[PDB]
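Engineer: Just so we're aligned: 203 in PDB author numbering is position 189 of the sequence shown, and the numbers increase by one with no gaps anywhere.
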Amino acid sequence: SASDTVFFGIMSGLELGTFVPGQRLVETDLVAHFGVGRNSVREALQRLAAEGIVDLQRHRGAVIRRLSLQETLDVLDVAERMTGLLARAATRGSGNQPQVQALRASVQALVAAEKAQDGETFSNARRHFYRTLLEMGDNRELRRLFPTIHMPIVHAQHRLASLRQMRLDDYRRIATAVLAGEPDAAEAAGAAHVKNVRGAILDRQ
């Protein structure tokens, strides 16, 4: 839908660095930028407010949220458990050859992007990795919570681009645990990643 292109565009842009925490969004700027109409912007903004990404303002506008430290830690608390469950559930597809091939391919692309120090392609291969994990588990409840898992504000505000070496290793451990098919070790590997992110953020303080 036209609404989706703004909804996912702002979330991907936050990760890519084209939108930032604290940014003021103007309805007409979003219409011109995404090439969609007012109703679709409004709807996308409503959905983004629903997900905790923006605060709606007067005159059809919005501000991308910045989180306090406590708010970040609270988000990571949920992301830890939900990423854990994403990996855990994906073990249901460990014998599905095409999905395994997709998962292995997504990992190769992460490794190549990390080496080339390319934030854009790394972010895109990251998204692909997560989506493959999602398709593998086929958990309808995770599908509906999926955006939380990505932590777009945390990514941006806490400069997760600078933690790419650690994150890649984490994603490799997730893949390896998922593909081995054992749910408990998969869950632990998914949760491990978020624990590392929390550790890095707290270490700066």
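Backbone N, C-alpha and C define an ideal beta-carbon position, used for all residues, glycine too.
Please state whether the Cβ-Cβ distance between residue 67 and residue 25 is less than 8 Å.
Structural biologist: Going by C-beta atoms, residue 67 is nearer than 8 Å to residue 25.
Engineer: Counting along the chain, where does the alpha helix (DSSP H) carrying residue 152 start and finish?
Structural biologist: Looking at the DSSP string, residue 152 is not in any alpha helix (DSSP H), and its letter there is neither H nor E.
Engineer: Flag this pair as yes or no: are the beta carbons of residue 192 and residue 101 separated by less than 8 Å?
Structural biologist: Cβ atoms of residue 192 and residue 101: closer than 8 Å.
Engineer: With DSSP run on the structure shown, which of helix, strand or coil describes residue 87?
Structural biologist: Residue state, collapsed to three classes: helix.
Engineer: Identify the residues that DSSP records as bridge partners of residue 39: which are they?
Structural biologist: DSSP, once it has assigned bridges, lists 76 as partnering residue 39.
Engineer: How close, in whole Å, do the beta carbons of residue 127 and residue 119 come, if the pair is a contact with beta carbons under 8 Å?
Structural biologist: About 13 Å separates the two Cβ atoms, so there is no contact after all.
Engineer: Are the CB atoms of residue 201 and residue 99 nearer to each other than 8 Å?
Structural biologist: Yes, these two residues count as a Cβ contact at 8 Å.
Engineer: Look at the alpha carbon of residue 55 and the alpha carbon of residue 194, and state the distance between them as a whole number of angstroms.
Structural biologist: Each residue's Cα considered, the two are about 43 Å apart.
Engineer: On a CA-only basis, which of 39, 46 and 185 is nearest residue 125? Give me that one, please.
Structural biologist: The candidate whose alpha carbon is nearest that of residue 125 is 185.
Engineer: So, at 6 Å on beta carbons, what are the nonlocal neighbours of residue 177 in its own chain, with the 5 sequence-adjacent residues on each side left out?
Structural biologist: Around residue 177: 214.
Engineer: Using the Cα positions of residue 57 and residue 49, report the straight-line distance between them to the nearest angstrom.
Structural biologist: Rounded to whole angstroms, residue 57 to residue 49 spans 14 Å at the Cα level.
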